[PDB]
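Asks: Before we start, here is the structure in question, set down as structure tokens.
Chains as they are written, first to last, in the numbering used here: chain A, 21 to 70; chain B, 4 to 756; chain C, 3 to 53.
Here's what the structure looks like:
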């Protein structure tokens, strides 16, 4: 078997976004370069609304 | 979030007569009442936001209409037919019904295919898909303009990272995006930083007190590691250690944070120790010239055994000479050494941040900035003070100075890290602007000496570093909200208020207008966030009052305000509201003429006694049509003579509505043209019942000539369009490529954890 | 027609007190020592109430 758990099922995706979301869901099965944690933001602006 | 719009708002209807001879295409953007006597642009702005809400362009959006297509059954078609817009099938049925009336042949197969293939979706070189559909002119212009304005903020992920690389520290782990997000990743960021100065400059006391308290509520929680001599041992205390620690950080974190010490009326060897410690282990920037004198005077009073009266008139140089001759060498304040930050500070694009190194220690040398410290301590040990043969004062002062020097030289790195972390929280403008206007953080002489004598190692564990990371996100959120609030308030002042004179009328007008603005602003959801209210209510005034005084100050400001995309969208709609009035149900002039006078009218739509004209006639029967303003017409008492000839009413905004009826009948108004009262005249509301015309109906022809005596004419609305000109309704919409992923959290680093 | 003094010595054109050095004066009082050469807290109390 090439993978213990497949990265994603190709028959379920419909666009590029679906692949990205599926890859994030199955990333726990793979050996990760950096294990995700809470993100840290150094840049934030709020624009005026309607 | 970035919303996605599936369908295009064509806003089109097709109206055809029962017999099919006449048909037209009408764009319905609604009816908007306009009040006369007040500025039209101000009303247009209110209607602009409601119009944008109707079209779904108020919030940032990206159009996806690429999948709204179908493919024909023919083999050689291989074309995508757009579903959005007015369907060509309706135009085909309308055109076929028209041909049936004239006994013409129906549309042949070749023309049917051409008409039904008018709406298509095709890709361009860049990968976007272009939709060509039938839609209104104003709906197309407004929608496409808002698309352009929002697209300026949509940038590639790699471009966004390049803008925020300089602000990323070294302690945090880099984030690995997926390979799709690197190639096809796009984000929506404003990427404009508004200045915080308008709030800070106007309220220096309130703003400084707010930020100093917030920082000190966190620095005081830092984890820490646990005879004349009898006099100074008794005064030793620790209960106020957390407060003095945070004051130490604040002095090294800001450019000019001045603190003061209030010595006792009768100086003690406690007082001289505190004066020496502050003049040695505190930045010269945090010491004022007055505090320099007062510290020097205390040294002279105790060491020279002189009372305050003689030294009260002495200058700085005289006091230094007097102290030096007695044997006291510590008479100078020392400038701290500035350490440059590793990364660019937040909200400071292309700027370098710096902070003072604590305890006046040179980073390159790792000892005190004064190179004669050991020599100076020796002089104090051997010197004779208080005009006494005994050396008890001299030796005990040298012992404490050595202890303070040793304590500072060992604990300086821990405080330097704390200052470095807390300096990164504040931007550059706050670093240069915040001042200690109110002396609310004065230090007692016993606290100053006990702090340096009993200095404790700062322990930077994981919990404290984790707590600061939470505060960094909170600080970043607060700055963004204040910048938006400042920008909103600066725009309100320019549009609403004006200059003030020395006349009672101007003052009364300003006061009443200001109260109306404040009441409207604070009604329902307040315009100003709770963060700005906290700053403006620090003194004790209520939220309404605090905002009111700030608005008065901002009048006449020259502050530059950045023009955000939603400003341009509303401005574009407001201009079209004034320019194209007939699209929205109002006009600037009307004409009242008797029936027997023949006026040239629009005849394209086949209306019976059409109330529309291409333009209101300049001359009728060789003479210019009389024009009367509405105010003059209202006061006229000879109106019966005037309406006999006919005139044009202008200098007012007239709201009108019309109902196109498919059948044939007399075109008449719902109500009478005018109402005549004792207190002036007026024009009743205008509602048209327009009917399509059959030229050979003798009954309806006689009724039009005889039953109605006066007729009202207005300029033909531009929303109306004859069916023969349906190709003028073809418009192009561009939707971005479907192979784009939008990243909601574009942060580039993770917490160390 | 008539004329009346504006209350509290405030110029409506500048929307501030007629003395342009008022803020500087309050700060000078705060740091000042009064009634004694050593501080009696007179400066801090007076500056707080004057502001």
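Beta carbons: idealized from backbone N, C-alpha and C, even for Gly.
Starting from the Cα of residue 695 of chain B, find the closest Cα among B:15, B:13, B:7, B:20 and give me that residue.
Replies: Looking at the Cα atoms, B:20 is the closest of the given residues.
Asks: Taking the beta carbon of residue 690 of chain B as the centre, do at least 16 other beta carbons fall within 10 Å, making it buried, or is it exposed?
Replies: Residue environment analysis places residue 690 of chain B among the exposed positions, since fewer than 16 neighbouring C-beta atoms fall within 10 angstroms of its C-beta.
Asks: Taking only beta-carbon atoms, is residue 9 of chain C less than 8 Å away from chain B?
Replies: no
Asks: What are the start and end residues of the alpha helix (DSSP H) that includes residue 562 of chain B?
Replies: No alpha helix (DSSP H) holds residue 562 of chain B; DSSP gives it neither H nor E.
Asks: Distance check for residue 491 of chain B and residue 196 of chain B, CA to CA, integer angstroms please.
Replies: 14 Å
Asks: List, in order along the chain, the chain C residues whose C-beta lies closer than 8 Å to that of residue 315 of chain B?
Replies: What residue 315 of chain B touches in chain C: 39.
Asks: Does the beta-carbon of residue 294 of chain B have 16 or more other beta-carbons within 10 angstroms, so that it is buried, or is it exposed?
Replies: buried
Asks: Using a Cβ-Cβ cut-off of 8 Å, state whether residue 62 of chain B counts as contacting chain A.
Replies: yes
Asks: Between the segment 178-190 of chain B and chain A, which residues of the former have a C-beta closer than 8 Å to a C-beta of the latter?
Replies: 178, 179, 181, 183, 184, 187
Asks: I need the straight-line Cα distance from residue 264 of chain B to residue 271 of chain B, nearest angstrom please.
Replies: 14 Å
Asks: Determine whether the beta carbon atoms of residue 724 of chain B and residue 27 of chain B lie at a separation below 8 Å.
Replies: yes
Asks: What separation, rounded to the nearest whole angstrom, lies between the Cα atoms of residue 757 of chain B and residue 199 of chain B?
Replies: As shown, chain B starts at 4 and ends at 756. That puts residue 757 of chain B outside it, with no answer to give.
Asks: Helix, strand or coil for residue 38 of chain B, going by three-state DSSP, please let me know.
Replies: coil
Asks: Please name the residues in the segment 27-47 of chain A whose beta-carbon is closer than 7 Å to at least one beta-carbon of chain B, in chain order.
Replies: 35, 36, 37, 39, 40, 43
Asks: Alpha carbon to alpha carbon, how far is residue 94 of chain B from residue 12 of chain B? Give it in angstroms, no decimals.
Replies: The alpha-carbon of residue 12 of chain B is positioned some 18 Å away from that of residue 94 of chain B.
Asks: Report the three-state DSSP secondary structure of residue 632 of chain B (helix, strand or coil).
Replies: strand
Asks: Does any C-beta atom of chain C lie closer than 8 Å to the C-beta of residue 756 of chain B?
Replies: no
Asks: Within the 8 Å Cβ cut-off, does residue 33 of chain C reach chain B?
Replies: yes
Asks: Distance, Cα to Cα, residue 227 of chain B vs residue 528 of chain B?
Replies: Cα-Cα distance, rounded: 45 Å.
Asks: For residue 52 of chain C and chain B, any beta-carbon pair shorter than 8 Å?
Replies: no
Asks: Just to confirm, is the Cβ distance from residue 654 of chain B to residue 634 of chain B under 8 Å?
Replies: yes
Asks: For residue 747 of chain B, which residues of its own chain have a beta-carbon under 8 Å away from its beta-carbon, when the five flanking residues on both sides are left out?
Replies: 4
Asks: Cβ closer than 7 Å: which chain A residues qualify as neighbours of residue 81 of chain B?
Replies: Those within 7 Å of residue 81 of chain B in chain A number zero; the least Cβ separation is about 23 Å.
Asks: So is residue 46 of chain C in contact with chain B if we call contact Cβ pairs under 8 Å?
Replies: Chain B, which has a Cβ nearer than 8 Å to the Cβ of residue 46 of chain C, makes this yes.
Asks: Span of the beta strand (DSSP E) holding residue 30 of chain B?
Replies: 26-30
Asks: Per DSSP, which residues does residue 185 of chain B bridge with? Please list them.
Replies: DSSP lists no partner for residue 185 of chain B.
Asks: In this structure, how does DSSP classify residue 23 of chain A when only helix, strand and coil are distinguished?
Replies: coil
Asks: Could you give the DSSP three-state label for residue 624 of chain B: helix, strand or coil?
Replies: coil
Asks: Might you give, ordered along the chain, the residues of its own chain that have their beta carbon closer than 7 Å to the beta carbon of residue 44 of chain C, omitting 5 neighbours on each side?
Replies: 36, 37
Asks: Contact defined as beta carbons within less than 8 Å: I believe residue 362 of chain B pairs with residue 411 of chain B. What is the distance between those atoms, to the nearest angstrom?
Replies: 4 Å
Asks: Cβ closer than 8 Å: which chain C residues qualify as neighbours of residue 312 of chain B?
Replies: 39
Asks: Which residues in the same chain have their Cβ closer than 7 Å to the Cβ of residue 734 of chain B, if we skip the five residues on either side of it in sequence?
Replies: 136, 138, 143
Asks: Less than 8 Å between the CB atoms is what I'm expecting for residue 449 of chain B and residue 417 of chain B, so what's the real figure, rounded?
Replies: The Cβ separation is near 24 Å, so there is no contact.
Asks: Could you check what DSSP says for residue 394 of chain B in three-state terms: helix, strand or coil?
Replies: In the structure shown, residue 394 of chain B sits in coil (DSSP, three-state: anything other than H, G, I, E or B).
Asks: Going by other Cβ atoms of all chains shown within 10 Å of its Cβ, with 16 needed for buried, is residue 279 of chain B buried or exposed?
Replies: buried
Asks: For residue 763 of chain B, which residues in chain A fall below 8 Å Cβ to Cβ?
Replies: Because chain B spans 4 through 756 in this model, residue 763 of chain B falls outside it and cannot be assessed.
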